[PDB]
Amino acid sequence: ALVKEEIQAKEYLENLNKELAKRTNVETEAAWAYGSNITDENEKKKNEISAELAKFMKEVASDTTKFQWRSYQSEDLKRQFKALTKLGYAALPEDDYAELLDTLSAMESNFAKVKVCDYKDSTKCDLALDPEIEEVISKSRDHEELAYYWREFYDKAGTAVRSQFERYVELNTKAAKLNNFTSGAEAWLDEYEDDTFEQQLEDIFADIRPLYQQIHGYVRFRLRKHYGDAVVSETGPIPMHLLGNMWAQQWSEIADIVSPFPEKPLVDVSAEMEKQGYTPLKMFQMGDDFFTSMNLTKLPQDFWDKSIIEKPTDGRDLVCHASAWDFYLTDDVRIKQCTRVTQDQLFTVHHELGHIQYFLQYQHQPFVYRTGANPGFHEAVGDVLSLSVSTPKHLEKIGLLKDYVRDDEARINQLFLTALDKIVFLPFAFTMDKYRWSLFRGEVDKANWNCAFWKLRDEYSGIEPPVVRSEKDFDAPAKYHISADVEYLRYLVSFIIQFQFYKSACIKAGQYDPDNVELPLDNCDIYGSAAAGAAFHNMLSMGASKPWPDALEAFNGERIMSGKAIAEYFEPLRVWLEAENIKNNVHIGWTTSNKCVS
């Protein structure tokens, strides 16, 4: 009978979860070694261990059918069993799985090994994205130099892996169908446990889109005054290489030329960090300080002993796109970041430590629950702190911002600066997965794959390549997450929900009151707030033990993903910007791009 079986099932899960942590530890160690040191030997080791774990997962999924788990009384037990039935890529036949792993490492290693030649010196051909190319894209205001680096990078990181990407799409689809999802789109969306999730995001995006159009319009106007109308047209999509980022995902790097009030202060603390002798170690210690100040968990000794926080100075190849690592034991958590001493990197450190904090908060949970409530939650944690770190309030406290007068004009500058990071990103993030979903779902013919990418970038973001592209190019994998097969919707979700978290954390900290002019949301610092920390502990400690609305409820009593909070934060900017665009007769919207030839 079922009563006795459910008792046996509980013991089965308890033992199996422990076995899964231990087996995954081994896979994670091999993946860490490869990411830290790209070699053919390490590639082989990583992929062989994964193949072994996949084989065990197949046996696990098979064993779940021996339990009448759908008949059980315990929602908790049922939730754990359901999690075990979900094989993902491990559902593929042995050979197909091995081919997929080979395809994935081929794409990640290609991305990591990209080197271009110096614009001024065709002899020097050892410039990597991190840090050499990214430095030029962010700092150069020479549009031809910018276009050179754009083309060189996209050709090498994107086009070079078209055939691999094609095989990846095929195997991803085969895997999804073996799990009885329609495609990889549905497989990814399953992580949000909500059949209306896509529509919810369409609705929120539609609400924020008009504000994005205004920012777009204003930035284009300002870029015309800098580069001239030969480079930037009034009515067309913005040439993306002028936006301070290789993928135009955030535009904060060009704030100095597009800021609302150029004669007023613009927060840029990179120079002060260098002046005060900041190091990657100091930055991480400061991040640790922020979490502990909120009564959250201190970084364990394993973290300091084992993390890589600076780019290695030997000749080795490695993945320099930052990552946080859970090894599924106790306190064995790690970061690999090629850290630089900049304002942006200080935020990145806090983002990374948000992942690490989540690992520590839920490490007592059964293995299947040791992940985010949904992927967006994991990405949001560190950003909530970064929002307060970025405030003039906090930056003055740590002596990085000097002689600052927070008048109305300085406030608009700061809000705009934040919008260039937070609002601008929304259409970008949506398109990363809208694109891959359409390929996964078989909605785009292979002959149209490249211009399908640029069409979305045009439609949603109103940006375009600096030069004419065609179906002879393949540009999507020039973005890390696309080469590395990392779902991107998590970041769109994060950028929305992080303002729900921030607003509530600020209210809890007594740092935000909508009726108190002295406590604006955009200058809230949650540093040292145990009350804000309590909310985080209540939520993060749950891991994936409950559907995400219950985790949100544990934080602030709400159960609904909402764009209300992000709109609330940016409302003073919206009012000012709508008026400024009218005052300057700023053209809003864009004609269809001519930069991708069919």
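Note that residue numbering follows the sequence shown and begins at 1.
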Greater mean Cα temperature factor according to the PDB record, 106-114 or 485-493: 106-114
Residue stretch of maximal mean CA temperature factor, 148-156 vs 510-518: 510-518
Candidate residues 373, 127, 432, 242, the one whose C-alpha B factor the record puts highest: 127
Member of 249, 214, 85, 172 with the greatest C-alpha B factor (per the PDB record): 85
Among modelled residues of the same chain, the CA temperature factor third for residue 301: highest
Chain-wide C-alpha B factor ranking for residue 120, given as lowest, middle or highest third: highest
Residue 47 - which third its CA temperature factor falls in, relative to the rest of the chain: highest
Residue 289 - which third its CA temperature factor falls in, relative to the rest of the chain: middle
Third of chain Cα B-factors occupied by residue 574: middle
